[PDB]
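Everything on this sheet refers to the single structure shown next.
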Amino acid sequence: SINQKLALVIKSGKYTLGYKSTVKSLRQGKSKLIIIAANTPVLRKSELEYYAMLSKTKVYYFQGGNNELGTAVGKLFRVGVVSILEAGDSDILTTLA
Amino acid sequence: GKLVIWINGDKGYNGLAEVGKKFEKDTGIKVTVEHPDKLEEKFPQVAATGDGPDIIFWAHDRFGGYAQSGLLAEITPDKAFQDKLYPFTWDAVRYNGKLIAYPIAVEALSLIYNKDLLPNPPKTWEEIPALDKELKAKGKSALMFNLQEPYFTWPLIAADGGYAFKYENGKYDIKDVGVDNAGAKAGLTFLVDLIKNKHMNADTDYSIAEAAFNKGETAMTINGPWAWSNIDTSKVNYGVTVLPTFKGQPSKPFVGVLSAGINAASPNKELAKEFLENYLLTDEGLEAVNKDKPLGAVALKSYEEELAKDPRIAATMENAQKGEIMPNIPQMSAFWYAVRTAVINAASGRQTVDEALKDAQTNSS
RNA sequence: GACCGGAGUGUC
RNA sequence: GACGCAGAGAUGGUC
Ligand SMILES: OC[C@H]1O[C@H](O[C@H]2[C@H](O)[C@@H](O)[C@@H](O[C@H]3[C@H](O)[C@@H](O)[C@@H](O[C@H]4[C@H](O)[C@@H](O)[C@@H](O)O[C@@H]4CO)O[C@@H]3CO)O[C@@H]2CO)[C@H](O)[C@@H](O)[C@@H]1O
């Protein structure tokens, strides 16, 4: 169901995709919620969880590899992490997180 | 491409590992068996972060709570497999009509006693106070068992009518809780009575109670099949019989069903099925686990037929039948933690029986 | 090599 | 249009 919630945030509000881009968003505290794919390597989900921890940002764990994330965010390529900035008509930061 | 299994510390975890070796020698898949403390408490917290295991083992009760949180994989065994295991054992592992784990065994507490200190075991709880004074002359206790987990004192509190949740037309009424009823009080009182009348210390736990029976220091204990192997090795002449009746009624142990659910988030769910279905749930697997620590009444018909003659399993089957099957709903957790504190506080002194149970009556919902 | 940069882009 | 790289940062830039 959340796959629709993600898509929604993408038409009205801003988001960002990829590792590099989200860590930056965590440093800036501009992202509210982050989303990391299931079978993401360890160093990396540790390093994300770590900035999310320092940034005091929430984390949602997607029940499906980056492959389905890209599909869920309107892309063709794989995306192991999604930084949600502001959500328009969507409620993922106020319902599930 | 591996399978990480979490099984409880008082089970055949070395023997489950032994089943993992065959799985390695026949595909090269790493079967890692661990037995972490408070695993049933950990699995929900660690699967919400995606760091949990692939296969988790526990009695059917903690599985409904997981299923309601989507932490368990919808298991998909074929029609032929389902008819290999008892139709009742699958019911224990069913949440919202969907099968969430594989049944492995039916567990039930029984009266374990020392034939050398007691040829004819008590038929009722009401005679234990006397039998204790009699053994205090020979410098030995009569009954020693773990009073820290409510599961062991429940056969007594349930005996005279105590219950968890009222069962009605299939659904469990989460608002009707039988921990405060007149019957429940009586049984919990009786426990607190032997405690107050110096027949059973209120600080005794699993480690203590097991130690006393196994070192010949007490006539009887209340335990499950798992504790047999360690008793067998103490070289104590022992038997496994029906639980004593309290108030002319049978004790109603909460029957568990050692299930093995799959982590919904696990990447190796496909490998879990091959392992659990064609390497564990077979006369070969259960045997290797049962040789480490007995399962007793087994979910798999094949191996069960073999073990049936054992008079120890006869008792288990007896008690399992005389008692009630544990509900699998998510609210079980609350009722347990709630009754946990009642039996302790009641026996310690903090709260009186009526007070302890009156509080569990509320904390349970 | 380090940094910048954020969706494409190299081949036949 | 298939392959190859490419948000787990591609090609591309600048020192
Ligand atoms: O309060 C702190 C304590 O918390 C923990 O104890 C809890 C369990 O986590 C709950 O799950 C529950 O316990 C039930 C258990 O769920 C149920 O399956 C049954 O378990 C038996 C089971 O038949 C069998 O597999 C065998 O291994 O033993 C189990 C009993 O030990 O009954 C349990 C009730 O005791 O509630 C308890 C607390 O009441 C934690 O594990 C404790 O260490 C901690 O102190």
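Chain lettering (A, B, ...) mirrors the order of the structure tokens, residue numbering begins at 1 for each chain separately, and ligand numbering begins at 1 in order of display.
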### Query
Do you know which residues are within 6 Å of ligand 1 using only C-alpha atoms (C1' of nucleotides) and all ligand atoms? Can you write them as a list in words?
residues 10, 38, 40, 41, 58, 59, 61, 62, 149, 150, 151, 256, 333, 336, 337 and 340 of chain B
Return as a short mmCIF file (atom, residue, chain, number, x, y, z; two decimals) with N, CA, C and O atoms, in the first residue's frame the residues belonging to chain A that are within 12 Å of chain C, counting only C-alpha atoms (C1' of nucleotides).
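Below you can see out26.cif, which holds the result:
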```
data_model
loop_
_atom_site.label_atom_id
_atom_site.label_comp_id
_atom_site.auth_asym_id
_atom_site.auth_seq_id
_atom_site.Cartn_x
_atom_site.Cartn_y
_atom_site.Cartn_z
N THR A 16 14.22 12.76 -2.63
CA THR A 16 15.53 12.55 -3.27
C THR A 16 15.90 11.09 -3.19
O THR A 16 15.34 10.35 -2.39
N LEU A 17 16.74 10.66 -4.08
CA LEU A 17 17.06 9.25 -4.18
C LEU A 17 18.53 9.01 -4.17
O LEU A 17 19.27 9.85 -4.64
N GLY A 18 18.92 7.83 -3.67
CA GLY A 18 20.32 7.42 -3.62
C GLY A 18 20.97 7.65 -2.30
O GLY A 18 20.46 8.42 -1.47
N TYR A 19 22.12 6.99 -2.09
CA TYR A 19 22.86 7.14 -0.84
C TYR A 19 23.38 8.55 -0.71
O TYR A 19 22.84 9.29 0.10
N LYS A 20 24.40 8.93 -1.51
CA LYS A 20 24.99 10.28 -1.45
C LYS A 20 23.96 11.40 -1.08
O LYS A 20 24.10 12.07 -0.07
N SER A 21 22.95 11.57 -1.93
CA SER A 21 21.90 12.62 -1.77
C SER A 21 21.16 12.64 -0.42
O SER A 21 20.86 13.73 0.10
N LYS A 75 10.92 5.38 -11.17
CA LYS A 75 12.19 5.23 -11.90
C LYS A 75 12.31 3.80 -12.42
O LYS A 75 11.48 2.94 -12.07
N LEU A 76 13.34 3.57 -13.25
CA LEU A 76 13.62 2.24 -13.85
C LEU A 76 14.82 1.59 -13.17
O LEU A 76 14.90 0.36 -13.08
N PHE A 77 15.76 2.43 -12.70
CA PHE A 77 16.99 1.98 -12.04
C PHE A 77 16.75 1.70 -10.58
O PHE A 77 15.74 2.13 -10.02
#
```
### Task
Compile the residues of chain D that lie within 9 Å of chain A, evaluated using only C-alpha atoms (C1' of nucleotides), and express the compilation as a VMD selection string.
chain D and resid 6 to 9
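Shortest atom-to-atom contact with residue 108 in chain B among B:353, B:307, B:280, B:222: B:222, counting only C-alpha atoms.
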Give me, as a Markdown table, each residue of chain B that comes within 7 Å of chain A, together with its shortest interatomic pair and the distance in Å at one decimal, counting only C-alpha atoms, with rows ordered by chain and rising residue number.
```
| residue | atom | partner | partner_atom | distance |
| --- | --- | --- | --- | --- |
| B:49 | CA | A:61 | CA | 6.4 |
| B:50 | CA | A:38 | CA | 6.7 |
| B:265 | CA | A:63 | CA | 6.2 |
```
Let's have the selection written as a CSV table (one decimal), in the first residue's frame, with N, CA and C atoms.
```
chain,number,residue,atom,x,y,z
B,49,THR,N,13.6,-3.7,12.0
B,49,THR,CA,14.8,-3.0,11.5
B,49,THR,C,15.5,-3.9,10.4
B,50,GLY,N,14.9,-5.1,10.1
B,50,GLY,CA,15.4,-6.0,9.0
B,50,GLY,C,16.7,-6.7,9.4
B,265,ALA,N,10.4,-11.0,6.0
B,265,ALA,CA,11.4,-10.2,5.4
B,265,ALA,C,12.7,-11.0,4.9
```
### Task
Using backbone DSSP assignments, extract all helix (DSSP H, G or I) residues from range 185-323 of chain B; output them as a PyMOL selection string.
chain B and resi 185-196+206-214+225-234+269-280+283-292+301-307+311-322
Can you pull out every residue within 7 Å of range 192-203 of chain B, counting only C-alpha atoms (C1' of nucleotides), but drop anything in the same chain fewer than 4 positions away, and send it as an mmCIF file with N, CA and C atoms, in the first residue's frame?
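Generated output (around28.cif):
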```cif
data_model
loop_
_atom_site.group_PDB
_atom_site.id
_atom_site.type_symbol
_atom_site.label_atom_id
_atom_site.label_comp_id
_atom_site.auth_asym_id
_atom_site.auth_seq_id
_atom_site.Cartn_x
_atom_site.Cartn_y
_atom_site.Cartn_z
ATOM 1 N N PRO B 129 1.034 -30.922 51.160
ATOM 2 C CA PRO B 129 1.463 -30.338 52.442
ATOM 3 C C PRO B 129 1.890 -31.423 53.441
ATOM 4 N N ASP B 132 5.063 -33.338 52.501
ATOM 5 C CA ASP B 132 6.278 -32.525 52.709
ATOM 6 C C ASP B 132 6.823 -32.711 54.136
ATOM 7 N N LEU B 143 7.821 -31.178 46.808
ATOM 8 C CA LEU B 143 7.613 -30.551 45.494
ATOM 9 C C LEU B 143 8.430 -29.272 45.334
ATOM 10 N N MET B 144 9.237 -29.253 44.275
ATOM 11 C CA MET B 144 10.107 -28.134 43.932
ATOM 12 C C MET B 144 9.981 -27.819 42.444
ATOM 13 N N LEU B 147 8.728 -21.151 39.988
ATOM 14 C CA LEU B 147 7.637 -20.233 40.249
ATOM 15 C C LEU B 147 7.985 -18.833 39.718
ATOM 16 N N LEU B 188 -4.304 -20.171 43.067
ATOM 17 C CA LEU B 188 -3.138 -19.296 43.317
ATOM 18 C C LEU B 188 -2.911 -19.145 44.804
ATOM 19 N N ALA B 346 2.176 -12.213 44.594
ATOM 20 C CA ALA B 346 1.284 -12.985 45.498
ATOM 21 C C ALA B 346 2.056 -13.839 46.497
ATOM 22 N N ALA B 347 3.047 -14.575 45.978
ATOM 23 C CA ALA B 347 3.890 -15.475 46.775
ATOM 24 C C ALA B 347 4.967 -14.734 47.569
ATOM 25 N N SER B 348 5.468 -13.613 47.028
ATOM 26 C CA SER B 348 6.501 -12.834 47.712
ATOM 27 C C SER B 348 5.904 -12.126 48.921
#
```
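CA of residue 235 in chain B is positioned 9.3 Å from CA of residue 215 in chain B.
With only C-alpha atoms as the atoms that count, the residue of B:112, B:73, B:314, B:208 with the shortest distance to residue 231 in chain B is B:112.
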### Message
With only C-alpha atoms (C1' of nucleotides) as the counted atoms, please give the residues lying no more than 10 Å from residue 30 in chain A, apart from itself and same-chain residues fewer than 6 positions off, as a count of residues only.
### Response
8
### Expected answer as number ranges by chain: strand (DSSP E or B) residues in chain A
A: 15-17, 33-36, 58-61, 81-84
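Excluding residue 13 in chain A itself and any same-chain residue fewer than 5 positions from it, the protein and nucleic acid residues within 12 Å of it, counting only C-alpha atoms (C1' of nucleotides), are residues 5, 6, 7, 8, 31, 83, 84, 85, 86, 87, 88, 89, 90, 91 and 92 of chain A.
Atom pair CA of residue 68 in chain A / CA of residue 3 in chain A: separated by 9.1 Å.
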#### Entry: Å distance separating CA of residue 50 in chain A from CA of residue 35 in chain B, one decimal place
27.8 Å
